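In: please find the sequence and an experimentally derived structure below.
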Amino acid sequence: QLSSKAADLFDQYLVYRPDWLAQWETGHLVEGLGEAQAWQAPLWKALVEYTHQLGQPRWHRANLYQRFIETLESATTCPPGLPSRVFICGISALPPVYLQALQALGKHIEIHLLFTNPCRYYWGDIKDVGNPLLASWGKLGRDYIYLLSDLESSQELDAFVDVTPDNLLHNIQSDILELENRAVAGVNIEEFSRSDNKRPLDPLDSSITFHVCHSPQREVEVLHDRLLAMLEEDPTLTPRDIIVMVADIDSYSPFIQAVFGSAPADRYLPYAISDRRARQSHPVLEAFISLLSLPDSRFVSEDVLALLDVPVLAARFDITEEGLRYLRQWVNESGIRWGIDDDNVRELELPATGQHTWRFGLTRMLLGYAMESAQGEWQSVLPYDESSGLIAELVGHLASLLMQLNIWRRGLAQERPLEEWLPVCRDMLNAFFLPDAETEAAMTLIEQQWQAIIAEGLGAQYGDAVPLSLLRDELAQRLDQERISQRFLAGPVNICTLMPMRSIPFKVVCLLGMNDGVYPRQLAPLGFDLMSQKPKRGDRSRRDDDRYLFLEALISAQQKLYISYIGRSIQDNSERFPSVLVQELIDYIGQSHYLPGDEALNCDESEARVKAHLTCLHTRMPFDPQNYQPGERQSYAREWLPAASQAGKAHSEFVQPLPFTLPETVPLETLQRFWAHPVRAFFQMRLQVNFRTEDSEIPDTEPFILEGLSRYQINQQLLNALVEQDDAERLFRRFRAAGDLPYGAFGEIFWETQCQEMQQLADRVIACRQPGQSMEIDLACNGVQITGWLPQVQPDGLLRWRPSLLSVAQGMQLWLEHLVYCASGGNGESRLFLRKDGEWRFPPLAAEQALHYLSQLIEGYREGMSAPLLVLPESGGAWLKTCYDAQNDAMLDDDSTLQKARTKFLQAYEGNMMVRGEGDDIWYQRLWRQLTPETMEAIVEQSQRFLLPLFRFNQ
Amino acid sequence: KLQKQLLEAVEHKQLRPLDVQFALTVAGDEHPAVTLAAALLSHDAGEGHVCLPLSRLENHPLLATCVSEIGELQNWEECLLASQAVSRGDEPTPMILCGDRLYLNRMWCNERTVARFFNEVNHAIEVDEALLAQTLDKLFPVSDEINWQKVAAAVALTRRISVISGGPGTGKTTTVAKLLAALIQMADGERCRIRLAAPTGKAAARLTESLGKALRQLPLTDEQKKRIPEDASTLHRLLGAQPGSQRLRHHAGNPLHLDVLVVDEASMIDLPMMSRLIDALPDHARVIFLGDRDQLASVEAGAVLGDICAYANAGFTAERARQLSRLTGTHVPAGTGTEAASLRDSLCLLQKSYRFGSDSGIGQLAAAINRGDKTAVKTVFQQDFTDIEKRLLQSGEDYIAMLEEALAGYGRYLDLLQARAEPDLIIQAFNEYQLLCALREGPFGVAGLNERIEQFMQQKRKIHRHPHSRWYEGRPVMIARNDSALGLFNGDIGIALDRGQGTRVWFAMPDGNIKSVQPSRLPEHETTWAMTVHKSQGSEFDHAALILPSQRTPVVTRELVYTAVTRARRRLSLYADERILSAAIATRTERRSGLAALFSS
Amino acid sequence: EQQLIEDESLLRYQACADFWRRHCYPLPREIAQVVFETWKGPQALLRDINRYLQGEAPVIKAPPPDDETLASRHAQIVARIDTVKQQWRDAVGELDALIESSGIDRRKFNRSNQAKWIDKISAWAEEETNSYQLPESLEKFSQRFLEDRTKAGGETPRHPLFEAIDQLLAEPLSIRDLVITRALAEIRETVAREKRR
Amino acid sequence: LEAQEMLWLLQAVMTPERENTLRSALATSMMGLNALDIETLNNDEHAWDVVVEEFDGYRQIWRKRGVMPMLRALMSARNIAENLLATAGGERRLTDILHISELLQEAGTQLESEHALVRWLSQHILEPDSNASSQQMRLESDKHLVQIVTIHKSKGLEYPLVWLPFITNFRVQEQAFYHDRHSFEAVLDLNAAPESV
Amino acid sequence: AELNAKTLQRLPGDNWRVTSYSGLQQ
DNA sequence: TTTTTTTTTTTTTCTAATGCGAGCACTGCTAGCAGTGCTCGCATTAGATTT
Ligand SMILES: [Mg+2]
């Protein structure tokens, strides 16, 4: 980076400062210069001599200038081969040395300089300039005209065109051209009182208009309507005449594109965006750049799948798009987290574990292809059962990719000389990529830029080795430096940034994003540059360039000038500010004009009134009715007209009574699935609406702790093993081989704690467990036949166990199974032993009461299929547990208990910060966005009616 | 080591990369003999073979190349079993060395499961001989000679597990209807839960329709007609196979709630699904299999129906012959010798085809191809048969003649199209002629043949086509996947036409009604001017035209040509070289499995 | 040319997980028990030191020696607990006679509670010192506890074992400070290095 | 929830062939259908076909003109904006919908594939980045709003009428991090010594 | 109050363009 | 080198602090017993910030 910066400095010195280099080559110092010269003068010298040792040509332009000028100065006749005449058009800035060379060259051949001069009279170092808008923004042109005037052998004729002040814009342009000042300061009291000194401004006049918007979206949306109005107003106007200039085109590109694309056919305006970053094939470039960083990468699964996203890299290993849907879940489930192999893990100085690496996952999938997981571990690795059929061929392709990813990640590590880096890019491209009609252009561009970098390096004869991190970071910077401006004047309206030395007259000139800080654009000098210490005339800087571009844009506008900027932030409703240029412009406008009828007002009041009349404050939203009121500010988009008119109807209540007829046969699984979640059942079963949320992303790192469904499944396996009195050590080895448990001793500690916690419940279950078999359920209730199967029906009763906390839903499921068992006819009690000594116990019941409660449940199911059954088994369960009294078999009424039950219901519904509440659910959000007390009362009533027998018969 | 050598085989497209990776990982750094053995085993298992006999490991060209590295081994068994990657089943290892063969650990378990299910699990169920004979006599009138359908019915009623093999148009569905009728009529008071399954949704719907229409004709009481199965399902839906995971709703612990099960088109049943189905059956369920042994083998690795029916050639057991003679009231021939009594008795073969007579050219050609005799095939071609045709296809000028003949083949359909007829007749007409090609792409293939036929219909005025539209009226399509919402299955054809309300695709549902679907509603589909022989299974066309490519590919085999021949109802045409057809018929498909040894020992 | 990142949460968590992998993984199961009791994993470990990671590092009062590893601290604490257990083992019988003879209010110190506490402390002392957990009854047998509850102007039971228990329970026994210091240094170093990279 | 509804909408538009995804997108609150509407629409084939057709046309618009044009056409045809403004509270809903649409356009410009945008949206829904400035929720309305502001963010500001509903509420600091009264240096005590506390 | 959006009497023209032989042939 | 299938859900913090209930030793009042002072144990409830 230091070499690059110093090279840029020396290039600038060559162009602008030849005397310095002439002195430095001899070895002397320039007097009265910057402090950094002490280390810059020798280096430059040490460069010249260096390039003489290699034998390269000595000549550079700095020494060549004087010899070139002296040759033509003393030449008696014209040298052969020179062109007849030259034109210099559109260039308002040249270095003084180029002007000296062209002056010396003018003798033999004629040179015509076309200089767009905004002012008629001599305005460079006038013998502050007369006009304020010219003095402020004319630094770039003052030096140029001062240089042009100093030419000895120059014959110049002035060809100006007078401007008639019939408009505000034409008034400003005439003030600039005639080099006169119109603003009234108001020094005299007589001058300050009357406002007649200013110029009359027509109210209908709209040549110059300033517009305040909220967001860039709103800004472009207002610009589109204003352009449509300008086109409709003037028949002679055409789209190509309009130009739209932005501070940074890449920031406004998506908004410009969306706004100008959303227009309907009758309202369509053709547009063309210029100077936008050239992005011919983004994904191939990005994939290759990522491939170059292989040695440093940790090879997270998501990163490799991001490489496989590229269709070319997948086609190379014949991995189809459909196979990627499989390889996603395979990578996720097998346990691949990070690291390509054990060696890569050790290279990062982290302890080699042997699990959760691409090698581990690949071995797991291959073993699962060979051996079923039911067999067991082979080399402390559990085979992955999923990839078992012909589809497993995908593995062979994936394992073929990683192998390559291995080889290259070892090849690119070592530093190499430049000439050894030449075949790397081509080999990598042809190995990793299979080209196509579209990608070939990008691949050729990649090879061309890589070859150009290495060619410059070899031409400089760089001996020492170069790391890949250098060439990668050079190629990345070189690939995005390209810009595509070939559609500048194609015919549609031109969208493009403000570029210096491009000043073309247009009828309509629009400027966007004039916020303070965005424009002008600031690029500070390097800080050790000697030019910026003692500047001279002709030195170029970005600030002066932008300040002069703003003047060029004003001068080139022939009919209408449009200026916009963000006034208030849409997010925070803060206050932004316009650029200092826009501020000086509006100040001069308001100080030089007065609206009709304000003659009596003083200078400041009429100035503020004019400034408020020209500045337009647009609404924050498009559907604001102010847009559609009749006037000049009226919009053209009729899509937001019904919204502004407030003519839409509100969303009716989602709940609607639907017809339903109970069939003759209802499977027991249907009732169970319904009562698990009655609202979700109406959504999924009645009208078949399923709200499938997106699956979870692959975890970043290997399991450190276990929580949620992971530890729930582990506890379920462990419990089902302990109740069978099976060996737990086998299950521990199996889980450790699968990689689910944490590494090493922590896995054993977790397993021991879980073993104790599950052993308590296993002892409780074994105390009552008896050998039982399943049975068939054929039943009749309320003219409806129920057919089902009940598993594990032992002579004692229905025994169930789950490693979960005590919840009402499980009690409801057990109650349904218990009612089915009793009504079917049996002598037994139902038990459920949940974690932390949770117990749901139901004593036996007679056939009649069983059928009665089952008929009640079926009626509830029918009502649910008709309209959504508002029964929240958790919150309503809390309310009913608070209100109900088991001793008296009656629910309490006193208002204190009611308040306590409401508090309990709200706590269960909303939930704490740590645990999500019952209310946070996709199905409940659909029915209501916010819980109302009336809905609460309805929920309480229904939940009480349906859940009363559970708490009544629970013991 | 041998890794660098195995890297070369992938370049020559002899060894899959999966095989190389599996060998490198599992075999590891053992003797290169073990690595090579593992690579060859993985290759053979990928190509469809179940096992790998050690005799095969004796000098694949890669083995000849690696003879130098592996050196000379006095016993391959010793070297292999020495490594950890190979065992005899005592400890879980990726590879298993059983007898003289090698197995993948997954394949060995499935093989053993199928073997023990077909040998020991099945039993002989006993019923009254007089009552069963009376029922069958009421079902089958002719007692003058041996009726193979009656023998098959007796077999399926006697044994728990039975398989019935026969060619297309041999009356399989009718026999199954008679069987199920006699079964229901036999058990009056006991509950009989009948289940019908097929490996494909299309075959499932065909089985529903055929079994329904067959059982409705046979005289039954309202009690019996209440036990008729409602619908037939797929094997996956039967076992409740989840889409993503391999977990089954009905595992070994949770058996199926069935009394009798009927699996149609067992030829497509592969070994893994066979084992997984076997695992979910209870001990009282009677299973019936249907399929043609000569039909093209299943997709995935394995061949069950073929390996089973291989023993049917031996014949019935001595005592079983007399038993069936006593049951059917006729004389049943006896197979000589005793090799495996259970398997030989559980198999029946239907040798009579009611559809096409023996004198018809199609049957003689199918028999000659099944026998593998090229001279017989050429003799059948030379004989004066009006329903078989052959055209030489070597030069493109013969390809153009084939296209000209396909023109006349689709003639009636094209005329009914340009005459603005109703979609019902158009669909009924479209199934009269069909092209069957082996490959998918290239000059001879669905992808190429569709484009060529469309260009030929654009050259001669038959059907107007728009380039941008892509949905010109008249184009036939076939569905790629199953769709439950629209009620249309994979492998079902439809005709795109404009009846006036809009361009819509018309399908023929099994109930005879026609259903119109919008082009947007349609799932993945493809133009069906020519079908592959694989996807043509189950279908039946009035005029079929087979196209075999000039080159030599492992796809063209004996069973493929056999299926393509049996595809046609009345008229069959072939387009192939004289030498290529003979070379294909001469080579029989083999998938090496230990079943041949297991059933004998 | 420098880049700006506003959120360093990912880099910080990755450095913490790297520290956990390097240090907590090799540990034997017995030190692993003590580490697991304090923090379940790197997520919980980052939660304690998140505030201290941001900004300037905080001076730690009484920092552990630079060479003290985790095993050294574990052995030191195990030795202290072993000494206390042995002193209890030797004086398991004299304490009853000492308490009965000396004058202390038995309303505050019930005989049944005393016997239960003695039994629990004996069972704990005979238990192998796998973990740093101490029974609550040791708080009852501390010299300060006995001195707090005694007859006005009466003999107070005093034994060297009581003074040892008082000295032991004076300060908690834990590896927390050492692990926190090591992590606070290593995670910061790692984050700075990765950001420089 | 508007993010999830927009995801469902895009997911249906991408593949209108699947009835489940289309029905899921239709039944969102954003569309505003009732239960009787969905019931009748699941039975009549013509209405379902018309919906499929309009979604297929939205897919064509989405392929040709980009993202924002498709969502704009959808809002216009379904009258989403008008109905949301009519419904009580729907103004915030519509603002969030517009904001998500702008973000989707910005992210779809860079991503060339149409499916990559759905992948990006699902990814962002899974792990929302609160620290992101662009993802900050915009102001609901430009009308008069009661400004709830934290005490730290109110430094140097000015407010005519001020409320402090919970000024009395406090917390006791458990952690031991202080400053030495002599050296004036930040001191963290990894031990819970009560002096530090 | 009554609200009405404006309409466009004169349609903008995209006749003007710059093309090569390839665009004309296409 | 050819290809078949299938749709559903599962979990939820931890530490701490108190209120009461049961048991017990002491002790004062009229040797036992009621009060009292105390203490341990189980269940119940509360709370966890700020650019
Ligand atoms: Mg201030």
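Out: Structure's in. What do you need? Numbers count the residues shown, from 1 in each chain, chains lettered A, B, ... in the order given.
In: tell me the contacts of whichever residue of the stretch 251-400 of chain A sits closest to DNA strand F?
Out: Of all residues in the stretch 251-400 of chain A, the one sitting closest to DNA strand F is residue A:390 (5.7 Å; Cβ to the nearest atom of the strand). The C-beta positions use only the backbone N, C-alpha and C, and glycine is treated the same way. In this structure, residue A:390 makes contact with B:46, B:299, B:300, B:301, judged by Cβ atoms under 8 Å, 6 or more residues apart in numbering or on different chains.
In: and for residue A:90?
Out: With contacts defined as Cβ under 8 Å, 6+ apart, residue A:90 is in contact with A:114, A:116, A:501, A:502, A:503.
In: show me the two of those residues that sit farthest apart.
Out: Pairwise distances among these were taken by Cβ to Cβ; the largest, 14.1 Å, belongs to A:114 and A:502.
In: the more surrounded of these two?
Out: Neighbour tally, residue A:114 and residue A:502, criterion other Cβ atoms under 10 Å in any protein chain shown: the higher count belongs to residue A:502, 13 against 9.
In: once you drop chain neighbours, what's closest to the more buried one?
Out: When the adjacent residues along the chain are set aside, residue A:502 lies closest to residue A:90, with 7.1 Å between them (Cβ to Cβ, 6 or more residues apart in numbering or on different chains).
In: residue A:192 now?
Out: What sits nearest to residue A:192 in space, not counting adjacent residues and going by Cβ to Cβ, 6+ apart, is residue A:186, at 3.9 Å.
In: do the same with residue B:567
Out: What sits nearest to residue B:567 in space, not counting adjacent residues and going by Cβ to Cβ, 6+ apart, is residue B:544, at 4.7 Å.
In: the one you found: neighbouring residues, count only.
Out: Counted with other Cβ under 10 Å, the neighbours of residue B:544 add up to 26.
In: residue B:281 now?
Out: Burial measure for residue B:281: 19 neighbouring residues, criterion other Cβ under 10 Å.
In: is it true that it touches residue B:258?
Out: Yes. Under the criterion of Cβ atoms under 8 Å, residue B:281 is in contact with residue B:258, at a separation of 7.2 Å.
In: coming back round to it: secondary structure class of the residue nearest to residue A:192, three-state.
Out: Reduced to three states with DSSP: H, G, I helix; E, B strand; the rest coil, the structure at residue A:186 is coil.
In: in the stretch 751-900 of chain A, what residue comes closest to chain B?
Out: For the stretch 751-900 of chain A, the nearest residue to chain B under the criterion Cβ to the nearest Cβ is residue A:789, separated by 7.1 Å.
In: can you give me the buried ones in the helix or strand where that residue lies?
Out: Under the assignment given by DSSP states H and E, the secondary-structure element containing residue A:789 is strand A:784-793. Under the neighbour-count criterion of 16 or more other Cβ atoms under 10 Å in any protein chain shown, strand A:784-793 has A:784, A:786, A:788, A:790, A:793 buried.
In: closest one of the residues you listed to residue A:16?
Out: residue A:788 (92.4 Å).
In: and for the closest one, nearest residue in space, chain neighbours not counted?
Out: Closest residue to residue A:788 apart from its sequence neighbours, by Cβ to Cβ, 6+ apart: residue A:668 at 2.7 Å.
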